[PDB]
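These notes concern the structure reproduced below.
We did not get these values from a lab; they are worked out from the coordinates using the rules stated. Counting neighbours? That spans all protein chains shown, and the Cβs are built from the backbone with ideal geometry, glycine included.
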């Protein structure tokens, strides 16, 4: 299984393609992906000034 | 077991993912983690000026 | 093919033949294994108790 422990003040969004269903969960829960669930990996700005 | 002795004027927050339950305890108690409990490790600013 | 399981003893008859050993997998809550049912292809992602 692929499972992620969401931080307390955080949120993760997933989509089950096999079920064609989106769901986003916030807070400190342990999410487990169904066999056709995919995460919303976010690319974010960082660095000293910004990137 | 993983157990932490909280300082007197301190507080630790944990989440049990297997039970999907958050709890934070303050004061000088001995917390013991359930098999799917996780701590809220905090990164904090320190150093001479600040970091 | 079929699986025989339980706290018991077996003698393979002349007709039947032992294919494999099939050791179980111990799983707790918020943990599981991705099982594909090759007879139907569907992937179930069975989680929870041991399986």
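For the stretch A:1-15, the candidate set comprises residues that are closer than 13 Å to residue C:30 by Cα and in a loop (DSSP other than H, G, I, E, B); within that set, the residue that is farthest from the other protein chains (Cβ to nearest Cβ) is A:2.
When we screen A:47, A:27 for residues that are farther than 20 Å from residue C:33 by Cβ, without any contact (Cβ under 8 Å) to a residue 12 or more places away in the chain and either loosely packed, with under 12 Cβ neighbours inside 10 Å or within 14 Å of chain B (Cβ to nearest Cβ) (or both), the only hit is A:47. The set of residues from the stretch A:1-24 being touching a strand residue (DSSP E or B) at 6+ places or on another chain (Cβ under 8 Å), closer than 19 Å to residue B:16 by Cα and without any contact (Cβ under 8 Å) to a residue 24 or more places away in the chain comprises A:8, A:10, A:11.
For residues that are assigned to a strand (DSSP E or B) and within 11 Å of another protein chain (Cβ to nearest Cβ), scanning just the stretch B:30-44, find the one that is farthest from the chain's Cα centre (by Cα).
Among them, the one singled out is B:37.
If I filter the stretch C:6-15 for residues that are farther than 30 Å from residue B:20 by Cβ, part of a loop (DSSP other than H, G, I, E, B) and within 12 Å of the chain's Cα centre (by Cα), do I get at least one hit? Scanning the stretch C:6-15, I find at least one residue that is farther than 30 Å from residue B:20 by Cβ, part of a loop (DSSP other than H, G, I, E, B) and within 12 Å of the chain's Cα centre (by Cα), so the answer is yes.
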